[PDB]
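Residue numbers begin at 1 in each chain, while the letters A, B, ... track the order of the sequences.
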Amino acid sequence: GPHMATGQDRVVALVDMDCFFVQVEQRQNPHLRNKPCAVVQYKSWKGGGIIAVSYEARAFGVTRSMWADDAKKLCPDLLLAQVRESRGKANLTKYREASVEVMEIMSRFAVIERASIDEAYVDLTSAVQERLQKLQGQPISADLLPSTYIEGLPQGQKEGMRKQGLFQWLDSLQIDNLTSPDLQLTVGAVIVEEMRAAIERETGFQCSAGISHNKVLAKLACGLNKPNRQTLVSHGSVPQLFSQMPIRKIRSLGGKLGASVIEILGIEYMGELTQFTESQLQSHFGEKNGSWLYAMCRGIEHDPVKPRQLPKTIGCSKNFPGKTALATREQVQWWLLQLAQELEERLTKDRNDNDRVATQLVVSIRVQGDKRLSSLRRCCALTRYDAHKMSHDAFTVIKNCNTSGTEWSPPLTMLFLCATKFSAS
DNA sequence: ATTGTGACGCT
DNA sequence: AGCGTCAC
Ligand SMILES: Nc1ncnc2c1ncn2[C@H]1C[C@H](O)[C@@H](COP(=O)(O)OP(=O)(O)OP(=O)(O)O)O1
Ligand SMILES: [Mg+2]
Ligand SMILES: [Mg+2]
């Protein structure tokens with residue numbers, strides 16, 4: 001009743017750049033704009049692996065993780081942009097720098113949590129209070145929400161429907177109550193329209209967004225209407241939305257835990273979780289997961305938007321599949337050196353930009369014929385930004401995996417160097 | 001022969 | 001610390 005808190009205390013947004021690597025390449029090369037086009041890494045094995053897909057190309061069935069030769073079978077006019085290769089490996093610097101452009105603009109409006117290269121959460125609670133008291137009571141015009149969908153409306157042409165739903169929502173709004181969560185979400189959506197407009201004006205990049213009361217709902221909302229649109233998921237919309245929502249669509253339930261929720265409880269949709277007690281869920285999935293599930297099937301989640309605009313780790317990884325697996329000492333050293341040289345470049349730039357130094361080096365490998373993505377992960381001290389030293393140290397830390405009696409056995413199918421444990425500098 | 005990331009939990 | 005999960 002009155003004492004049942006409803007998870008309506010915050011306004012949270014999730015902003016995701018539409019097919020981001022594709023947009024970066026389309027800005028750089030206007031011949032690629034408004035076309036079926038994809039970004040690919042490498043080119044020799046089956047045309048390269050596709051890692052990003054424009055919405056025009058998705059309409060033909062082109063997806064990430066597809067070989068370019070196969071995507072061309074589905075879409076013969078598919079245009080391709082290749083990731084840069086440096087020191088023998090893909091180098092994602094152009095996309096990291098484009099991401100910083102976008103994150104820096106987002107940070108003008110509110111505090112952000114960089115979730116990935118192309119996604120950030122936004123804590124809009126204080127921004128909305130400021131904008132509300134600036135309003136001083138006047139209603140919110142549909143004109144301020146030109147690309148917003150209100151999930152679940154209308155009830156009782158796509159753009160026509162969008163506007164019908166938005167009118168129904170705005171007519172219902174009690175503007176005089178500055179504490180109404182629905183009003184707070186709406187003002188959040190206004191600010192996110194402004195944020196997205198600034199991003200597109202100042203970078204050329206388009207993005208979609210979700211606006212709700214917590215991170216999981218905002219991310220779910222963001223997926224509902226892409227590309228170049230934003231979706232408001234109100235607390236009231238959760239029962240109908242979750243009633244037919246596959247459990248795997250909720251963030252963190254797309255993997256083995258989600259599968260076990262489905263298998264153990266014999267359900268399919270998020271809303272079905274409401275039938276279980278908190279203790280029942282904890283008994284199946286542990287104290288933390290159980291409490292989290294109990295609240296989240298009711299629309300409630302308390303994970304904070306962390307004030308963190310920069311990555312916590314700086315990593316350099318390469319897979320060596322098939323007959324390209326590394327089999328000699330010289331080979332393992334030369335690739336460790338290539339990785340360490342890219343890492344040194346990125347670390348020196350990071351220290352200059354962001355006033356910090358990494359203090360720990362993580363070295364991870366995969367051996368041929370191991371079924372894990374990671375076979376071993378050991379750390380050592382990272383004391384200076386020297387590629388020769390970092391590569392010698394990573395070797396020193398992995399060398400006792402060689403079981404040869406100049407040769408390397410078993411052959412290595414992945415190398416990975418990660419700088420971690422930053423401290424202010 | 002999805003790759004190259006990057007965040008977080010468990011013990 | 002080292003390993004595992006999750007989401008791209
Ligand atoms: N599995 C992956 N491997 C490599 N790069 C990836 C992978 N997933 C995503 N990326 C990169 C390329 C994408 O442009 C960028 C953002 O990923 P993501 O947001 O899932 O898709 P997207 O931005 O390409 O399209 P969407 O419009 O659906 O968001 O990160
Ligand atoms: Mg995206
Ligand atoms: Mg994303």
Any [X] side-chain nitrogen or oxygen under 4.0 Å from OP1 or OP2 of [N]:
{"X": "A:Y42", "N": "B:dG4", "result": "yes"}
{"X": "A:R346", "N": "B:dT5", "result": "yes"}
{"X": "A:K219", "N": "C:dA7", "result": "no"}
{"X": "A:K312", "N": "B:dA7", "result": "no"}
{"X": "A:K89", "N": "B:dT5", "result": "yes"}
{"X": "A:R308", "N": "B:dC8", "result": "yes"}
{"X": "A:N319", "N": "B:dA1", "result": "no"}
{"X": "A:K318", "N": "B:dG4", "result": "yes"}
{"X": "A:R96", "N": "B:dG6", "result": "yes"}

Quick one: label [X] by what it contacts on the DNA or RNA (base, sugar-phosphate, nothing), any heavy atom closer than 4.0 Å.
{"X": "A:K249", "value": "nothing"}
{"X": "A:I117", "value": "nothing"}
{"X": "A:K46", "value": "nothing"}
{"X": "A:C418", "value": "nothing"}
{"X": "A:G315", "value": "sugar-phosphate"}
{"X": "A:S252", "value": "sugar-phosphate"}
{"X": "A:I50", "value": "nothing"}

Quiz prompt | Pair A:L232-A:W169, side chain to side chain contact (heavy atoms under 4.5 Å, CB included): steps then yes or no | solution = CA-CA 10 Å; A:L232 188 159; A:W169 175 257; 4.0 Å; yes
Quiz prompt | Euclidean distance, A:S208 OG relative to A:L224 CG, rounded to 0.5 Å | solution =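 Taking CG in A:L224 and OG in A:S208, the distance rounds to 10.5 Å.
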SB check [X] [Y] (cutoff 4.0 Å):
{"X": "A:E202", "Y": "A:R108", "value": "yes"}
{"X": "A:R27", "Y": "A:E101", "value": "yes"}
{"X": "A:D123", "Y": "A:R10", "value": "no"}

Practice problem: Give the C-alpha distance, both sets of side-chain angles, the deciding distance and a yes or no for salt bridge (charged side-chain N to carboxylate O under 4.0 Å, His left out) between A:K73 and A:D70. | Solution: CA-CA 5 Å; A:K73 302 172 185 161; A:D70 302 327; 2.6 Å; yes
Quiz prompt | Contact residues, residues 367-377 of chain A to DNA chain C [heavy atom, < 4.0 Å] | solution = A:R372, A:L376, A:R377
Distance-only donor-acceptor check, side chains [X] and [Y], under 3.5 Å:
{"X": "A:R351", "Y": "A:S425", "value": "no"}
{"X": "A:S404", "Y": "A:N402", "value": "no"}
{"X": "A:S234", "Y": "A:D182", "value": "no"}

Return the polar atom pairs (N/O with N/O) between nucleotides 9-11 of chain B and the protein under 3.5 Å, or none.
none

Quiz item: side chain to side chain donor-acceptor pair (under 3.5 Å) with A:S374: which residues, sequence neighbours excluded?
Solution: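 So A:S374 forms a side chain to side chain donor-acceptor pair (under 3.5 Å) with A:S364.
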Exercise. Give the rounded distance in Å between these two atoms: CG of A:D118 and P of C:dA7.
Key: 15 Å
